[PDB]
Structures are given as C-alpha cells and as structure tokens.
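Chemist: My sequence and its experimental structure, below.
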Amino acid sequence: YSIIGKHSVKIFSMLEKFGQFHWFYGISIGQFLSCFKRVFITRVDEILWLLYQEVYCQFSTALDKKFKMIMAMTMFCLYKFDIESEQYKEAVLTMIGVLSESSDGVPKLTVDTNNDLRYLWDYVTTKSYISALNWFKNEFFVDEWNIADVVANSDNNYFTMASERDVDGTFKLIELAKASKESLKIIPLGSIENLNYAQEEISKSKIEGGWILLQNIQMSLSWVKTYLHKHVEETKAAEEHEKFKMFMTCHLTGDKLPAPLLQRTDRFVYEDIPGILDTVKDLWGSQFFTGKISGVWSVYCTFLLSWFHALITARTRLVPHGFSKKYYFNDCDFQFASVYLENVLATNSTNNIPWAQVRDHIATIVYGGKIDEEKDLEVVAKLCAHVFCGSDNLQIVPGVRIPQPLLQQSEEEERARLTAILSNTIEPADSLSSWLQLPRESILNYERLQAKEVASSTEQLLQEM
Amino acid sequence: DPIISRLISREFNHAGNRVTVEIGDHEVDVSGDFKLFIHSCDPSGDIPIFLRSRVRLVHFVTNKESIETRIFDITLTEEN
Amino acid sequence: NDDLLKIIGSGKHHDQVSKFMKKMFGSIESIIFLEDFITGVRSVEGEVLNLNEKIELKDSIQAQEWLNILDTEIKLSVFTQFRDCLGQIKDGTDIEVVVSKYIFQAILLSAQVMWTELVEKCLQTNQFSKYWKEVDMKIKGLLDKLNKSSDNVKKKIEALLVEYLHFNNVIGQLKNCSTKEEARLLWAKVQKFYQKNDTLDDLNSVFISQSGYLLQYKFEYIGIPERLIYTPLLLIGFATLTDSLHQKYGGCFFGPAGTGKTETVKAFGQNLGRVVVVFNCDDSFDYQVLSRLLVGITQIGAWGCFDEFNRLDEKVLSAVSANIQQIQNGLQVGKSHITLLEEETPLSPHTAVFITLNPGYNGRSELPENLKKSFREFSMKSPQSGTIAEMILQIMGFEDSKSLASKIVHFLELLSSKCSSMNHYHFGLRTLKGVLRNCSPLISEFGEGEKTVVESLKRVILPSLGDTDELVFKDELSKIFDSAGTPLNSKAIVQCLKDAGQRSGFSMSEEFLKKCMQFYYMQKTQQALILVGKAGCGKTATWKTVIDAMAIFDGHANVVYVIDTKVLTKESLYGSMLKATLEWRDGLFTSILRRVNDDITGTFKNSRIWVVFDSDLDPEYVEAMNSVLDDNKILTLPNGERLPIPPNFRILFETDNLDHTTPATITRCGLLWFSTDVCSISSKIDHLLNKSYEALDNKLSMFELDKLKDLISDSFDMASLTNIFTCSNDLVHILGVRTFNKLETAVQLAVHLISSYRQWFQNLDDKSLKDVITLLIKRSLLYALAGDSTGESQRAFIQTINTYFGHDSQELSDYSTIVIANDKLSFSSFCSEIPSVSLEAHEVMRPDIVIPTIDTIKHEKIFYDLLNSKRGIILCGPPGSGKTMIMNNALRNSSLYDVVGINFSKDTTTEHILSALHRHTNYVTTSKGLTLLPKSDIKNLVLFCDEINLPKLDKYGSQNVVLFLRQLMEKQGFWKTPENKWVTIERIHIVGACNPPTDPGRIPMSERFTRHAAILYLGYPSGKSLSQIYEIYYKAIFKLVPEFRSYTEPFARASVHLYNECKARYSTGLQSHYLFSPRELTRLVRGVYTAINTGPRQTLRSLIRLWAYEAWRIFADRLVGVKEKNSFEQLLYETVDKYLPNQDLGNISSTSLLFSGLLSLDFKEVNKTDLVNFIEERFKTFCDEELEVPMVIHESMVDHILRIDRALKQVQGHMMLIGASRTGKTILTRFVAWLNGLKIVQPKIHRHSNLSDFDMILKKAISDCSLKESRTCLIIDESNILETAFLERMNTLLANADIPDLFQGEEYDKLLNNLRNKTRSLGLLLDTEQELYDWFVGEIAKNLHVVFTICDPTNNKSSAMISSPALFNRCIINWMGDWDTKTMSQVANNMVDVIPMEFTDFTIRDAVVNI
Ligand SMILES: Nc1ncnc2c1ncn2[C@@H]1O[C@H](COP(=O)(O)OP(=O)(O)OP(=O)(O)O)[C@@H](O)[C@H]1O
Ligand SMILES: Nc1ncnc2c1ncn2[C@@H]1O[C@H](COP(=O)(O)OP(=O)(O)O)[C@@H](O)[C@H]1O
Ligand SMILES: [Mg+2]
C-alpha cells in the first residue's frame, strides 16, 4: 500500500498544482478518495494501473484540452518511471525534451526491446505534434468520458461548466437533456428582473424536478456570493428533492468563482470546437427565423456574412500565426454587421456596386473596433477584400463559389439555393490552411508551440516533486 | 502583540493573596481557573520567534500526506 | 440638496440662482435680467445668448416653474438664431457679417447645413474646384478678421476656423478621388448635416447623417467650446459612436491616456447639439452623487460619459456597473420606465451612456461582464501626425501648408530612424506640435514660410541633440529642405554675451557661446527651460551668463530665485495644508510668485523673474506644477486657488539626468542638452585663478598681489599639466570624481599656499622663490588629482608629476616640506620630523589621544591646508583608519576653527543638521545678508558629518540630506523650510567622513555634491606603525607595573599580530560582523589598563593572562561556531609562543581564565568553583527578590556573566547579544544588571505602539539618567524595533549620547532649565549653554547602558541592527547562538536530578540524558 501510497500523493500533488495555475482547476482529498474507491467495485500492479486509469477518467473532464495533455504526459511518467527500465526513463525524457525546446536527441533503441516507445519517437520525428501529445492519453487505455457520461455517472444536483469565450455548451446541454430525462430550462442572469425571476425558478424547479441552467453567471456574480453561495450550500434538502440537476456556465478567462461553491459542485470544460463549414451552416441556420423585411438580394449578403464571421472566428484560435493576439468575435459582431447591411440596402439602389464602403465599415468599425494593432487591422481588411467584393463569382474557399443572385429573384428559392451550396461542399482535411488563406507551414509552427507548452509544463511538474 | 508577552512566558509577581501579571502597563490579577489558547488559520503566516519558542505548536492540518495514511484504510477494507 | 435649498430660499432674490446654472447646464455661467424679465444668459466661455421672448418674473412664481420655461426658450432661441442665420448665408452673405450678429453655436450649425447642401450638389456636377477656392477665401477672410477682433468674438472666429478647415479639407479630398465611387465612399464616412424641409416641430427639424445612420440634433446650448481639430481618426470615433447608438448601445473607448477619449465624447455631443455630462470617476467621487446624476440623466435624456471608468473601487464599480445596465437595457428594449436605485423612474430614450477606459498596470482595461453585451468597445490611437500638422500650418498663415506638413513629418520620422536611440529624444507629434507652437512668435520675426519652420526645427530639436545626432539633424534637414543663409540678431546679442563673460570671469569657447546661444533664443519662446548635463558642464555658468547678457541688451533687470527642488518637501515648496484646521500657509514656490502677482510694490513690470531648480527633478514635484507648464500659465493649489504666472516669470530646471521625468513633461518645456563641458581645462583654471585672486584683493595689497600673480603664471604652464591631468586617469581613484571637477581643489589650494609665504617672497632669491612656488604647486596638484588615491599610488603619481614638470625644478618627495626659522628669515626644505608623546596610565584611554606618526602629521598638514582654502573636505576610507581623529586633533588644537559632530544614519533629516547647529549658532538679521546664520561665537565653525554616504534616497533615488550640504557648499546659504526665506550661512565649514562605497550599507553620492569637495583617502597604517603606536600605549599603562617595563614591546607586537590574524582569518566572507580595525587594538589596550589599574600586583604570568582575557572578549566573543573559536584559542597560543615564551602559562581557553571583581575588591582571576558558588547564592536572591524564573547555572553561563559584567562596568557599555532563543540572553542581562545595581528599563511596546510611545520611553530613561542620576540599563529586543525610525532613534542614542529631537525648542529650554538646578545642587554653576549640555550628554554616556538581544541575525530586520554602524561600533557583540553538547548535558543533568529511576543494565541517568 506504500507502493500504492507513494504514487497517489505525487498524483494529488500534480492535480493540486493545476489549482495553483488556475482557479477552476480544484481538487479535494475527498474527490481523490471517492475516485480510488471506484477502482475496486502483480495484484498490486494491476490495482496501481487501475488508479492511474480511474484518475485519468474522472479528473480529465474538469480540465481543458491543454491540461488534459499535460496531465497525460505527466501521469504517464509518474507510472512508467517507477515501473519500467532506467533505459526507458531517459529515452522518453529525451523525447519529451525534443518536443520541448530543452534538447534534441535520439533515444535508446533496442530491437523489439520497446515497441510502444519505438512508435512514439516516430510521431515526434515525423514533426507531427498533436499525434505525439495524444499518444500519452491513449496509452492509458481509458474510455474518455463525454459530458453526458460524466453527468450520468455523477451523483450530484449541481454542475459548473466553464469554457473559452469562443463557445458555450448551452446548446450542448439542450441536446443532452433531450436525449435523456428532458426537463430543460434556460435562465439568463441579466438585470434585476432576470435574477429576480431566476431565484423564483430555482426554488421551484427542485421541488418539480426539472433541469435548470444558469447562463454566464460570472456577470451577475456579486449576487452569487450572497444568494447562490448560501442557497446551494443550504440545499442539502436538494438531496431530498426530486431528481433535478442545476447547471452553471462559466468562462475560464474571467472573474474567479467563489472557491467553496466551486469545490462543492462538479466541474467540466466544454472544449468542443466546430469546423468552418459547420459554423457557416449554424450561422445560416437561425437566419430563416427572422421573417422578411428586406429583398432576396439581402439574403445573399447575410449568407456572405455567415461565411465571413465563420472565417474570422476560425482564425481567432490560431495565434500568433493568424491574429497577433486572442480577439473574441460575437453574435453581436454579426448582428451589428447585419444591421449595417440591411441599412445599406435600405438606403441604396439594387445595383451591386455599393460594395466599397461595405468593406470599410465592416473592417474598421464593426469588427476592427476592438482590434488595436495595425498588424491585425490589415488582416480584417484583407479578408473583407476577399469576402465582399465579388463579381459573378466569389470562390470564398477553394471548393465553393457563390454566384450572385439570379434574375428569377425568388426569395424562397435563393435561401434553398444558398443552403444547397453548403450541402454540396465537404470541408477538406487541411481547412485551416486551404480555407483561411494562411500557409500550412504556419499551422505546423502552431502545432509545435502547443506541444512545447505541454512538454515544458510536464517536466516542470515532475522536478517540483 | 507584544503585551500578551508576559502571559506567554509564565511570568508573575507573587503577592499576599494575589498573583499579578504585567500587561502593557497595569498589573492585573490572574485567576488560575483562567486558560489560554491561540488559534491561527493560515500556515503561510509567520509568528514571532518569542511566541514560537514558548508556544506548543500543534498542526491540525488536512495535508497531502494525510492521503497516504487514509488510502491504506480504504484499500485494506477491499483487499483483506 | 444644499445647493437646491439655497435656490428655494433665494427665490425672493431670483438673481442668486445664476451661480448654480453653471452646474446644472454646463455650458452657461450666469443669467441676464431686466429685473422683472430675463433678457437671456451668458456661457462660461463669455458668449451672450439673448432669448426671443424675455421670460416674465413675479413674486408668486417658483424657481421650478420659471427655470423650466428658460430651458425651453434657450433651445428655441438657438433654433431661431440658427434659421435666421442659415437663411442669410443662403442669401449670399459674407460669413464675416454673420459672425458679429449670431452666437457661434448657431452659425456653426448653419455653416454645416449650407456646406453639406453645397457639397451634396457638387458631387453630381464635379464643380469642386469652384466651391473649394470659394471656401478657401472664406478661410483667409475669417483669419485676418481675427487679428483685429474683440477677444470674445476672437474665440468665435477661431472655433469656426477649426470647422471651415474641415470643410475645405473634405472638398479637397473629394476633388482628388480617382472615381465617383471613391468620392461616394469618402462622403458616407463624414458627418453630413441635414435639415428636413418637409416637417413641423423645428427643434426636431435638424438631423445628422453618418455611415448611413441618422441622428437628431437636439438644440441644447453649447456656448463656444474649444473645438477639437478634425482628423480621419476623429471622424472614425464619431462614426463608431453613431454606430453604437443606432442599435441602442453605449459607446465605450479604451486606450492609453492622452488619446482624448472623453474629448471625443464631448465633441461628438457638441456636433449634435448636446452638452455631455462627464463623470470623473474615482477622483474620490461619491457614489451617492453619481446615483443622483444617473437619475437626472435618464430623466433629462442627457448624455453621460464615464471619464476613466476602470479606476473605481470594486464595491462601487459593481454598484455603478449594475445601474448602468438598467439604463442600457431599458433603452435596448425601450422600456418606458426602468427601475434603478429601488424606485420606478422613467427613461428618456434620448439618454446614452459613454465609458472611457484608460489602461491599468496589467493592460488595456475591460468592461464588467454585464456591460459587454450593452456597450461597443473601441481602440483609440494617436493620430497619424501629417494630417494634424497640415491644419496647424493652415491656421497660422499657411504659405504652402501641404508641403511643409509633409516635409516636417518626414524629417521628424527620419530623425527617429537615423539618430541614436537616446533617452530623452521624442520625435512624436507632441514634438511637432511644439515646433509648430514655437513657430508663431518666429513668424512674427520672419514669414509664414518654410524658413520660419526650419528655424523652429533647429530651435527646438537641436538644443536637445548630442554630438553624433547633432549632424544627422543638419544632414537631413538640408537634405529634406533648405531655407536660408543668414541669421538675424547675430551681432547684437553676441557682444552682450561676450561682455557678460569677460566680466564674469569666463572664456567664450566655441561650445560656451553655442550653449549660450541656444539658451538665449529659447527663452524668448519657452517659459520653462530644462538644462541637462554632467556635473561641471557649465549650466549654472551658461544661464547665469545669458540672463546677465539680457540686462545689458534689453535694459531689463532680473530677479533670480535658485531653489534646490528636492531639499524641501512638496509641502515646503508648493503649499502645505494642515490636517484638522485645514489652514493654508504659503510654502516656497507659491510665496515668491505672490511678490510678483499679488503685490508688485517695487519695479517688477520692467524686471524679469527667474526661478531656477538646481536639484534633481521628479514626477511627484512636476505633477504639482504641470498646469504652469501647460498652455494655462496658472498654478493650481491643492485647495484654494489658481495663481496666474506673468510672461516675466520664467522657470528653469538645471540638472544632471532625466531618467525619472515623463516625455510629457519634456515636451511642454524647452530642453538644452549639454553634450560636453562648455570650457577648456586651461580656460577653467584661468577663471578659477581670477576668482581666487578677487578674494585676496580684500586681504592683500596690490603690490603683493601683482607680484604673486606674476609668479603663478611662470611656475605653471599648461603644457606640463596637460600630461599630468591625463595621467590622473591612469590611477585608482576612491570615491571617483572626474578630472575636470578636481580643478577647483588645486587652484584654491595652490593660491592659498603661495599667498601663505608672501612675506618670504619680498626679499628671497629669485631662483629660490621659484622653487618654493614650484614645490607648492607640485604638492597642491598632487592632493587634487591623487589625494583620493592609494598613496601607494600617490607616491607613483609623485614621480609622474616630477617627470612632466621641468626635470631640474624642485622635486616632490613622499614627505616633502618647506621650512623657515622662528625669529629669522631662512630658507630650506626639510621633511618628516616628529614629536614624541609621554602619557600616564590614567591618560591611556581618552577620546582625544593621538600618538603622532609620520602619517598623523602628513595628513593633518594637508587636511588643515584645505580648510584654509575653505573647500569642503571628504575623508574617505575604512573604519578605524583615523579620519575622525586626524580631523578632530587637527582642530581641537587650533584657536581658529571649532568642531561640531554630526553622525549620519540610513535616514537622517535636514533638520538634524540644523538642530545640531542651533546650539552652536546664532542668527543675526544684518542688512548685509538679510538673515545670516554665523557661528554663535566669533571664531570659525566646522561641521563634521560622519557617515555621509549612509543616508538613503527617495524612491526615485535622490538623497536630499546630501543635496542640502551641496546647497551649503555651492549656494552658501539655504531656504528656511517652514518660515520661508533665505538665510546665508556665514563662516561655517563642511567636512565629511565616509566609507568606500563598494562597501555594504553604502549609497553612491552625486557628483553635483562631491565636486565641491577635496577628497582624501586614508587607509590603515603599516602593521609596523600599529606596532609602534601601541608600544607607546603599553608604555603608559606599564607605569602601573614598572617591573615589566621591558615587556611593553613584545605586548604591542603581539596585540598587532593578534589583530592582523583575526582580521585575516575571520572575514566578512564567513560572517558579516567579522569586521576588525585598530579600534579593537585600542579597545584591547584600554581593556588591559582597566584590569591593571584595578587589580592586585601582577606577575608576568598574571599580565599575559590579563591580556589574554581581554584579547578573548575583544576578538572572539563575536565569533560564531566552534571551528573558528578553537582557531582563535590556537592563534592566541601561537602568538604567546612567538612573543611571550613562558612555561608558566596555563589553559588559555575562556572557560579556564575567568576574571572578576565580584569576589575580590581588586580585578583578579578567580576560581571556577569559588565563582559558581558565588553565582548560586546571588541568583537565588535575584530569583527571590526579582521576577521568579528558574534556570540551571552551567559552565557557559558563568563565562557569559563575566562578559556582560565587563561591558556593563565600562563608561559607555554597549553590548548586543546574539542568542537564538531561550538561551537566556535576556535573563542573564537582567541579572548582571541587577548585580551591578542597574535599573532595568524594558521598552513596553506592542502592535499598536507609535514612535511617540517609544520616544516617551527613551526621553524618560534619558532624563532620569542625568537629572535623577539613575544608572539605568536599557534592554532593547529585536521585537521592539517596530519602524525604521525606532532604530534610527537607537542610533542617535549611541553615536551621539543624546537624542536631539526629543529635546528641541521649548522642551529644550525646559531641559536646559532643569539642568541648571541639578548642576548647582551637585556643586558647579555652568555659565554657557554648551557647558551644561556637555555635562548632560556626558552623564548619559556614563549612566545609560543599552543591551540588545537579537535572536535570528539571519532575519533581515535583525540584520539591520548589526548592520547599523552606530550600533555595531559602540556595542560589544557577543555570541550565544547555539547550545553546545557539554552545556546541554549539564543542563539535562540538573533537570533529571529528581530520581524516580532505579538501577539498570548500562549508568541509568547518564544514558537517558545522552538519548
Ligand atoms: N567660459 C569659462 N571659463 C572658465 N571657466 C568656466 C567657463 N565656463 C564654466 N567654467 C567653470 O565651470 C564651472 C561652472 O559650474 P556649473 O554650476 O555651471 O557646473 P554644472 O555642470 O552646472 O554642475 P552641476 O551639474 O553640479 O550644477 C565654474 O566653476 C567655472 O569655473
Ligand atoms: N597615531 C595614533 N594614535 C593613537 N591611536 C591611533 C593612531 N592611529 C590610529 N589609532 C587608532 O585607530 C582608531 C581610529 O579610528 P577612528 O577614530 O574611528 O577613525 P574613523 O572614524 O575614520 O574610522 C582609533 O580607535 C585609535 O585608537
Ligand atoms: Mg551648478
């Protein structure tokens, strides 16, 4: 048990250290105990490997993709350094050293002596970064739990799922409630009315047993520490209450949630990022709900914007190559752009040539508003050059051309036509370089960097203990 | 503060009936049914060397080390 | 409420409401009446609005009712004055006509509307050219009408100019476009001002179009505000603003300060006929007031801007941000009534909220989350400068504004890429705005031409450049544009500059004339000048020379106030307010302005006033003056005022560096960077000589003087010295001072040494006379270049001097001197002849006792010579090297000078210097210097400032105490800090000692202060002189044991060997406090005497052990650990065996030699067994009688008890104990103190204790020690020292033997009084003030005993005790840091003395303790 014991502190030390880097990354001793009990319901060797697996299965969920892979590389070294050869130890470390900028060398080869390790260096040597990073995850041979799975297994009425501002799992929770047990209630926390209606629907849903959601709490936070902090703590009658689950959405980058409330509630990180085409299809999808105030022509411009927005967002993640810093673009940015588009058509003739100041105003006020660096300001503009001015044929991406509205002029049919142009296309493997006009060589540079960041923070963690 | 100081070192002036301790200025009577305990919440906090040497330091701390001790109890209940 | 109550009360009056209008409108200042009727209102700008209908007023009318009519009519009146005017211009009327009849806000809007209508048509036609020239004409027309206009209408024209310029610019840009699409793009970006010729309700009739979006001009009065110049960037801001609002969103711009975020929000308001309410958030602003304002804004439908929103305190920020959401959410939805501040108040939909976000230390600030989907965030950027420059050139009187603007920018842009990246170089727009500002008066001289531009470029840019960059400027200025051949004002000023310096003593060098020229021309334009350069550049010479030249050229007198900026506090200087009574008293900077501004009783109109800041400049101080540096020219009080500054009143800043100041501060002033020294090394000497000659004319006849100045010229030629000054560098210089700044130390000395022997020059041989001169000049030249050198280096430099001087000319020797007869003229050169001292045993230790050496006399001679020159001396060197004695002996001996000792510490104040002086100085108000502070008695005074490189420095890094001395050395008086005037110090000299600043503790001093000092490095002596010196010390104490008179040399030789070895074996590398010096030797010598003077007749076996005990207590008590302590046992053994060879010695370890006067009547070695028993009987007693605490007496305790005993017995008894904890260092102290019959005072401090508390505790203990004769022991623990000052107090208590600050002023007089009472009582009356104090101090010095108990010396707070010199030098450091195995077992044994145990295996009790 000492051999079980020594490993488990070094594991807890590692999970504890994530809570130092980030506030949401918390772990109690009870959470580790409850996890180790699940491990039961060469004997010692298997029980040990059962621990490493069950810890990776439960605590992988409450971290983001970067820290998933940091914990993977680490936990793998925490096991295999004690278990395997010393020949093994410097070989895998000499590999983690190459991924990081610490050193670049060739590890120890013995024919058939090590095969899993022979396979890993092949990933690192093929300059393929993301694959090498995931190698450590897969070597755990765990089924990596989906938010649903986590929720189902979980035996608590509360959850707080943080996420980057790029996405929101609010819509994932809709399909999660639909697929099992229904009962979905989305509650924005906005202005006294929202909080006031909110606290009413809180006390009543738990007696009723419906699922409830508290959208983007972080903004209405002052209230949380006073009402929600006490309310959720007092509700150990929520144990008594009908099968009901409360959900809270956070933002990782943002105001720090009360730690007591946070540690009491289960934690997840939506990390789930849509492709360009799917975001285009998702932008265009709602747009039919609006009704009709404009011409058939406009729907073409709204389609154009759907593509545009989905292309800047795609680029937002890849920095430095891409944008200089992280910028966040919203449904607000699309809204303010759409409204200027309706306005330019409401003030101008249906002659296509109004195009010139459509770009300036989109690229410098609507979207270039938050942009401060001259470098990035050009990027928004150069995108507008491409997305907006088109005659007859646009070719947004290399696969897809959008032709300008036809003489038939049906507003029904053009929606259906422009939806059809989405359904014809199949998003290539190399989207990030083919569709976003930046080079492939840049994308690899980025892949390298996030590798280096996982590789570093792991080495650092091991030396610290 | 320093004033408790004489109460921490067990220092007194014995008298006709009374046991007096100097606090800051006034010499005050000690009962003897009187007890003293000092409580601290943060182990980051550093206490003065005068206190730390005359004080019986006891750590009621829920450590990482506490996991090693507690895992064996749970392991043995499911092993033997 | 208060203001509201006055208005309801003042209804009777009516007229008294006009005061409050300024507030509740923003635009207007006062209201106009015909008593029953209101004729109109006037704006804060001056502009007078007359209403259409004059509003009638009656008795039974409410303020509420009448004012509500006024708000209505004031807006109506503005539409009337708009349409009246719009219509007129449409009917072809000259804009100069309209100006005189219509309020600006009306004519502005009429312009916009007609402009727009004429350009709107012009886009179809393309007749841009016809309308452009047309507009250009209106521009020129408006411009020249401005020069002949009344100040009020002068604002109106200017404000319109900003607009007309924008009009033409946009037409221009339109004319030029490649296509019609290009033009129709550009036009959409602009604010286009339309009117509805369709509709009713005229205050809604005007609207504004931008980016497709429209915005109703509301008709609020705006007055005539200072209008922001339109830029592309500007329009953009206005464009985002409109784009937020159009979708019912709040505008928010983030970005760095100075990007004019709120000014935009204000400007965007005015353009739409709105006065924006600006909330300056967190200028300690009430939430309750904002909460009111927010309701007011949502009711009135106003626009509100949060000026720098991010800097608000988190609870407030939450509260406010939540409120704002109500408003922004109310509007987005269009809720009729919104609830905010727990009430249903309605919302005008005309309401909007604006937020400016300055960046934090972290980064560019963010909106709270809730506000993110409620506001639109925008990034303000500095304007690309070209565009701003063009306009500015246009306004002045253009010539070719487009060409100049492009060329000016390119040049500035180019300098940036071409010049070196140098600290203070700013080529940003600020700078070009400056060049352009400087241009306006220059145009007056020349033309609205490029040439005037070119002059202004070199007038601002060049005086700031340094020699490499000085040409890049010239190369690229003529490369970019060439203007002129010849300079105006070329002859006139120059002869007034040469004649100034001829008179002043200076040389007109290529550089000095330049930097004089640069200056002259800059005063003219700039009111604030900066002069930066190395100490001894020539600044104080340049400006003092130029200012002087202007009184010859103009005929205008000057009135100069040179203030050392950082000697005084912001409060001492600007104006300080007192915390409870809030009473405003003047200061220094404000006060000298009020002679000029408040009461110009004499001639000030025709005079010029210059206020110089000689000290280092810093943000804190310039920020409190920034308004005078601004276009304002007015001084802003913290409370009470703005004071306006005349054109006469010029502020200069003379300083050595800039690193602390902001680019902002630079660019308001004119900067004059002194690349190198104005003057030639020769030329300096030249002036310096003549400066020195002037002194002598007042004390030496013309015949004498004529002949002595002849001598100087022929003895030293420049050719010789040139090599010598170059060789100066090729040496090690302690307390480094540059060669140029050493010069004054030579010449003053040289002249004094030659003026010295003037009588022997009358009659002596002319060949021999040269030899006396040449020698003195060789000597004065040595100390002034090599005086701060090793002396091992001096001797090297001596040959270097002789080498480069004529070979035959009188050689310099190491100890070289000139000698003359008592009663006869004689000549000869003899050196190194020395007295011998004989002193009795009692005399051996005496605070003033010097055994004259080959080097005592050497130093003392030079040292005294420099004072005769009257140059401040800095004595620099190791501790115990004799700086203090040499200085003290040389002066305790002479009648001429009298010494005052000031000991400096980490944090010494400039009042401390004054307080020390107040005892020995006597202020007299003689009309000769006004106030003077000359020595109290008639003969000269010497302030000796010991540890001058100890005092610390501001957070910027500026020691004011040092600048204060600098002030005294250079300026010769100082400014009185509270009372506010100049007191000129008379006949007081400054001398200082200090350690090498490579040493720890030490702070580097400003060359601006040290340039005024002669620096002499004194090191340690010989190891052979040390041996010689202490022999004579043993000689005196062996008058007590005459049978060992033959033993004094081996004792003296041994004491030095012990010292030499301890110093080498136990260095600061092992432990900090391992710092030894000849003080230790002298300490040992005396320690030996005291043992003899009070011991039984001594055998040689006694004496050596007597010497050995003292040797232990002086050198080894401080030693930590045991490796080193055993090392000393063997060292002492090694030394006795080499110098005192006896087989009568015993165990020399400190455990075996125990010496005491506790058993015997005489100080004798006592028996270990006899002592332990003596302690046992005394500790029970001490335990019973005094606080009950039980302990075991062990071998170490007895050894320690004796340690403290010898300490506590000596006159000044200072011991600091380093004992870890629980060792008992505090308890043994209490004991030994009680045995010695010493009152134990133990400062009663706690978490809440102020300095004043500790002050009290100290004062009493001091007053009881002299005026009650108490004999107290002060135990200070590390815990007691709570603040920095507390330790500073403790230092003053040891280095001096009083605390001056406790007893100052009237509390000085009370002490002084009480002192006289007790002095008489004991049996002497003491006549003078000094006679009594010296008893008081001397009483403390012998009755107060401070023992320090510090537990972890490793700790950085407890480190500072041992660090501090005062404490370290005057204390006996003792080490108790660990319990040794033997002492542990001894203590354990007595504790297990109680025996529950019974016999076992193996001893039983012996084994348990060992475990
Ligand atoms: N034309 C000249 N001829 C001879 N000597 C000169 C001349 N100009 C300057 N000097 C010498 O230089 C010194 C000028 O002192 P000044 O106060 O200007 O130096 P500084 O650079 O301002 O020093 P700090 O920076 O410490 O104020 C004078 O002592 C003078 O001897
Ligand atoms: N010629 C001398 N005669 C007597 N003592 C001397 C002599 N030279 C040096 N000393 C000793 O050296 C020490 C000089 O140090 P100190 O007076 O503190 O000078 P400083 O303050 O510059 O260190 C004195 O304690 C003195 O005993
Ligand atoms: Mg000067």
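Modeler: Nice, thanks for sending it over. Numbering: from 1, shown residues only, chains lettered A, B, ... in the order given. Ligands and ions are numbered 1, 2, ... in the order given.
Chemist: how close does the closest residue to residue C:50 other than its chain neighbours get to chain A?
Modeler: For residue C:50, ignoring the flanking residues on the chain, the nearest one in space by C-beta to C-beta, 6 or more residues apart in numbering or on different chains is residue C:40 at 4.0 Å. Every C-beta, even on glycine, is put in place using the N, C-alpha and C of the backbone. Counting by C-beta to the nearest C-beta, to the nearest Å, the gap from residue C:40 to chain A is 40 Å.
Chemist: Run through the residues that contact residue C:40.
Modeler: Residues in contact with residue C:40 (C-beta atoms under 8 Å, 6 or more residues apart in numbering or on different chains) are C:31-32, C:48-51, C:54, C:77.
Chemist: same thing but 7 Å
Modeler: Applying C-beta atoms under 7 Å, 6 or more residues apart in numbering or on different chains to residue C:40 gives the contacts C:32, C:48-51.
Chemist: Make TSV out of those residues and add secondary structure and neighbour count.
Modeler: Formatted as TSV, those follow (DSSP: H, G, I helix; E, B strand; the rest coil; neighbours: other C-beta atoms under 10 Å in any protein chain shown):
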residue	secondary structure	neighbour count
C:32	strand	16
C:48	strand	13
C:49	strand	22
C:50	strand	15
C:51	strand	20
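Chemist: Would you reformat these as CSV and include distance to residue A:228?
Modeler: Putting the contacts of residue C:40 into CSV (distance: C-beta to C-beta, whole Å) gives the following:
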residue, distance to residue A:228
C:32, 59
C:48, 59
C:49, 55
C:50, 60
C:51, 57
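Chemist: Can you tell me which of these lies closest to chain A?
Modeler: Set against chain A, the nearest of these by C-beta to the nearest C-beta is residue C:49 (36.1 Å).
Chemist: so the closest one makes contact with residue C:32?
Modeler: No. Using C-beta atoms under 7 Å, residue C:49 makes no contact with residue C:32, being 8.6 Å away.
Chemist: Identify the contacts common to those two.
Modeler: C:40-41.
Chemist: The closest residue to residue C:1084 other than its chain neighbours: neighbour count?
Modeler: Once flanking residues are discounted, residue C:1084 sits nearest to residue C:1114: 4.7 Å by C-beta to C-beta, 6+ apart. Residue C:1114 has 25 neighbours, counted by other C-beta atoms under 10 Å in any protein chain shown.
Chemist: try residue C:708
Modeler: 19.
Chemist: Please identify the buried residues of the strand or helix carrying it?
Modeler: Residue C:708 is part of helix C:702-715 when elements are defined by DSSP states H and E. Applying a neighbour-count criterion of 16 or more other C-beta atoms under 10 Å in any protein chain shown, the buried positions in helix C:702-715 are C:704-705, C:708, C:711-712, C:715.
Chemist: try stretch C:776-785
Modeler: C:776-785.
Chemist: Next, find the distance separating residue C:1183 from ligand 1.
Modeler: Separation of residue C:1183 from ligand 1 (C-beta to the nearest ligand atom, to the nearest Å) stands at 65 Å.
Chemist: Is that residue in a helix, a strand, or coil?
Modeler: helix (DSSP: H, G, I helix; E, B strand; the rest coil).
Chemist: Look up how far ligand 2 lies from it.
Modeler: Where ligand 2 is concerned, residue C:1183 sits at a distance of 40 Å (C-beta to the nearest ligand atom).
Chemist: How about residue C:177?
Modeler: In terms of C-beta to the nearest ligand atom, residue C:177 sits 83 Å off from ligand 2.
Chemist: re earlier: and the residue nearest to residue C:50, what helix or strand is that in?
Modeler: Going by DSSP H and E, residue C:40 is in strand C:37-43.
Chemist: centre of the chain versus that strand, how much separation?
Modeler: 52 Å (C-alpha atoms, centre = their mean, to the nearest Å).
Chemist: Next, the buried residues of it.
Modeler: C:38, C:40-43.
Chemist: Pull up the pairing partners for that strand, direction included.
Modeler: strand C:28-33 (antiparallel), strand C:48-56 (antiparallel) (DSSP bridges).
Chemist: Quick one: the ones you listed as TSV, columns for distance to residue C:1119 too.
Modeler: Below are the strands paired with strand C:37-43 laid out as TSV (distance: least, C-beta to C-beta, whole Å):
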stretch	distance to residue C:1119
strand C:28-33	80
strand C:48-56	89
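Chemist: what packs against the helix holding residue C:708?
Modeler: Where contact means 3 or more C-beta pairs under 7 Å, 6 or more residues apart in numbering or on different chains; DSSP states H and E, helix C:702-715 is packed against helix C:681-697, helix C:739-756, helix C:766-785.
Chemist: Other residues contacting that helix?
Modeler: Contacts for helix C:702-715 (C-beta under 7 Å, 6+ apart): C:689, C:693, C:696-697, C:754-755, C:758, C:761, C:770, C:773-774, C:777.
Chemist: Just among those residues, which is most surrounded?
Modeler: residue C:777 (27 neighbours).
Chemist: mind listing what that one touches?
Modeler: With contact set as C-beta under 7 Å, 6+ apart, residue C:777 has these partners: C:715-716, C:750.
Chemist: follow-up on the earlier one: would you reformat the contacts of helix C:702-715 as CSV and include distance to residue C:881?
Modeler: What follows is the contacts of helix C:702-715, written out as CSV (distance: C-beta to C-beta, whole Å):
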residue, distance to residue C:881
C:689, 34
C:693, 36
C:696, 35
C:697, 40
C:754, 31
C:755, 31
C:758, 35
C:761, 37
C:770, 37
C:773, 33
C:774, 31
C:777, 28
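Chemist: So which of these is the closest to chain B?
Modeler: residue C:777 (62.7 Å).
Chemist: How is the most centrally placed residue in chain C assigned, secondary-structure-wise?
Modeler: Ranked by distance to the mean C-alpha position of chain C (C-alpha atoms, centre = their mean), the top residue is residue C:958 at 3.9 Å. Using three-state DSSP, the structure places residue C:958 in coil.
Chemist: For chain B, which segments are assigned as strands?
Modeler: Using DSSP state E, the strands of chain B run over B:13-14, B:19-22, B:27-29.
Chemist: As a markdown table, these with distance to chain C and mean neighbour count would be great.
Modeler: What follows is these, written out as a markdown table (distance: least, C-beta to the nearest C-beta, whole Å; neighbours: other C-beta atoms under 10 Å in any protein chain shown):
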| stretch | distance to chain C | mean neighbour count |
| --- | --- | --- |
| strand B:13-14 | 7 | 11 |
| strand B:19-22 | 9 | 15 |
| strand B:27-29 | 12 | 12 |
